[PDB]
Amino acid sequence: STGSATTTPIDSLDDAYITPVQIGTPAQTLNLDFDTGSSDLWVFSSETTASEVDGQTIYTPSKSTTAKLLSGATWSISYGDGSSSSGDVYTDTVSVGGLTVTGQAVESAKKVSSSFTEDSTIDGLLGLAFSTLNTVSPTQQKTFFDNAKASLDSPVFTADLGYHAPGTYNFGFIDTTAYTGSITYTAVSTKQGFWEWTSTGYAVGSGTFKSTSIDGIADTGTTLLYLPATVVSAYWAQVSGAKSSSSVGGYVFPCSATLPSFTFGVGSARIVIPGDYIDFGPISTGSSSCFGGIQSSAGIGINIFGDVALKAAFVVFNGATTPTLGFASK
């Protein structure tokens with residue numbers, strides 16, 4: 001089997017991407033944030049504290065003839081941005097782009113933090129990291145991908161995120177029309193539960209490539225590109241007037257600037273992030289200070305190849321017995 005679904009930016013900045021997901025019988029369609037940096041499929045629901053729901057579409061398990069309470073199971077997650085959610089668990093039928101999993105753990109939120117409430121466009125998350133990170137207790141649950149894997153034509157999914165445009169998540173096949181040139185595959189460590197890999201270096205604009213190993217994670221659920229302070233300083237030094245602002249929370253730059261591109265290495269291959277992808281717009285409405293899309297990972301504890309990086313590539317998440325990651329230009 002295979003599945004193919006369109007993923008759509010939630011706003012004009014590509015702050016996140018939502019993908020429609022069918023849950024239950026009859027189907028209830030919710031727009032979920034597919035997150036290769038976590039491993040829980042959780043939704044706003046009829047059980048979510050009413051004051052914490054503000055415009056989201058909710059899952060109502062009592063209206064699904066295939067829903068079953070997973071008795072005694074609870075979940076609780078905290079994300080790198082400080083947001084969180086928790087609740088109880090149902091199993092139900094879940095379909096993405098025509099690919100159906102029966103008995104999927106659907107984690108129903110009783111509580112969500114303010115950032116979730118305030119984002120009316122995201123109805124929940126669909127985790128695509130390794131199932132070892134799943135938070136359900138006392139019986140850990142599998143991701144949608146892990147449940148689907150054996151039925152897939154090939155044990156893979158691909159992320160093809162758009163810049164200020166829709167893109168695609170495919171399951172079970174590699175669309176050879178969706179990228180240019182060849183796909184370069186690189187080793188993955190699953191030791192921390194992430195799609196963790198090592199970039200071979202970087203370049204800023206038309207500058208020379210610096211060969212240096214940068215360990216980090218491919219994370220579709222993180223907006224920006226978080227890299228070591230040395231790398232990030234080298235980038236922003238090429239933008240007149242750019243500076244790190246502790247009050248704003250990262251590098252800002254004059255909105256009048258033209259940003260240079262940023263290249264990252266994948267083995268001997270190179271992925272080029274155009275300068276425009278690194279512009280996250282005014283820090284507040286009407287400001288002439290703009291927020292940068294490349295930020296320091298110092299104090300995160302890990303480097304993150306988030307959407308800024310991934311949307312410059314066609315990305316293969318290869319879930320074979322020994323997982324790997326592939327990157328192609330597009």
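Positions are given from 1 along the sequence. Just so it is clear, the values below take in all heavy atoms, side chains as well, and ignore hydrogens, waters and symmetry mates.
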Indicate, with yes or no, if [Y] and [X] share a hydrophobic cluster defined by side-chain heavy-atom contacts under 4.5 Å among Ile, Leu, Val, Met, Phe, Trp and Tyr.
X    : Y    : answer
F209 : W197 : no
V272 : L225 : no
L310 : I300 : yes

Among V316, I174, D160, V315, side chain to side chain contact (heavy atoms under 4.5 Å, CB included) partner for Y179: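 Single pass found, and it is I174.
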
Test applied, side chain to side chain contact (heavy atoms under 4.5 Å, CB included); reference residue, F173; option that passes from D153, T158, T2: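 It is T2; the other options fail the test.
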
Smallest separation among heavy atoms of [X] and [Y], with atom names:
X    : Y    : value
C255 : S287 : SG-O, 3.9 Å
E52  : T117 : O-OG1, 2.7 Å
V308 : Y277 : CG2-O, 3.8 Å
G37  : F194 : O-CE2, 3.4 Å
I77  : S38  : CD1-CB, 4.4 Å
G293 : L224 : O-CB, 3.5 Å

Any side-chain to backbone donor/acceptor pair from [X] onto [Y]? Under 3.5 Å, distance only.
X    : Y    : value
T132 : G193 : no
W75  : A109 : no
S45  : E47  : yes
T220 : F34  : yes
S296 : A298 : yes
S95  : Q22  : no
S289 : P254 : no
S108 : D88  : no
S39  : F130 : yes
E196 : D215 : no

As an exercise, state the distance from [atom1] of [X] to [atom2] of [Y], rounded to the nearest 0.5 Å.
X    : Y    : atom1 : atom2 : answer
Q56  : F116 : CD    : CZ    : 10.5 Å
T177 : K330 : OG1   : NZ    : 12.5 Å
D35  : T143 : CG    : OG1   : 11.5 Å
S261 : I273 : OG    : CD1   : 9.0 Å
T121 : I10  : OG1   : CD1   : 3.5 Å
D11  : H164 : CG    : NE2   : 9.5 Å

Side chains of [X] and [Y]: does their closest heavy-atom pair fall under 4.5 Å?
X    : Y    : value
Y251 : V239 : no
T93  : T100 : yes
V231 : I294 : no
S4   : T168 : yes
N134 : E107 : yes
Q295 : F280 : no
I302 : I217 : yes
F253 : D279 : yes

Candidate pair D15 and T223, rule side-chain hydrogen bond (donor to acceptor under 3.5 Å, both in side chains), full reasoning: CA-CA 6 Å; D15 281 317; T223 313; 4.7 Å; no

Validation row, ring centre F171 to ring centre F144 under 6.0 Å: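 So the answer is yes for these two rings.
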
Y202 ring center within less than 6.0 Å of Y235 ring center: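 No, they do not, as the ring centres are separated by 6.0 Å or more.
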
Mutual orientation of the aromatic rings belonging to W195 and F317 [parallel < 30°, tilted 30-60°, perpendicular > 60°]: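 Perpendicular.
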
Whether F264 and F305 hold their rings parallel, tilted or perpendicular, with breakpoints at 30° and 60°: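 The rings of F264 and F305 sit tilted, inter-plane angle from 30° to 60°.
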
[Y] and [X] side chains, donor-acceptor separation under 3.5 Å:
X   : Y    : result
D54 : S120 : no
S84 : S78  : no
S76 : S86  : no

Intermediate values then yes/no, side-chain hydrogen bond (donor to acceptor under 3.5 Å, both in side chains), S62 and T60: CA-CA 6 Å; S62 68; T60 303; 5.8 Å; no

Test side-chain contact (heavy atoms from CB on, under 4.5 Å) applied to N303 and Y226, step by step: CA-CA 5 Å; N303 300 306; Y226 296 88; 5.9 Å; no

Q141/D40 under side-chain contact (heavy atoms from CB on, under 4.5 Å): CA gap, chis, key distance, verdict: CA-CA 8 Å; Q141 301 294 304; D40 286 51; over 6 Å; no

side-chain contact (heavy atoms from CB on, under 4.5 Å) assessment of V96 paired with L126: CA-CA 10 Å; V96 175; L126 191 148; 4.2 Å; yes

Worked verdict on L32 versus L41 for side-chain contact (heavy atoms from CB on, under 4.5 Å): CA-CA 9 Å; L32 304 187; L41 191 176; 4.0 Å; yes

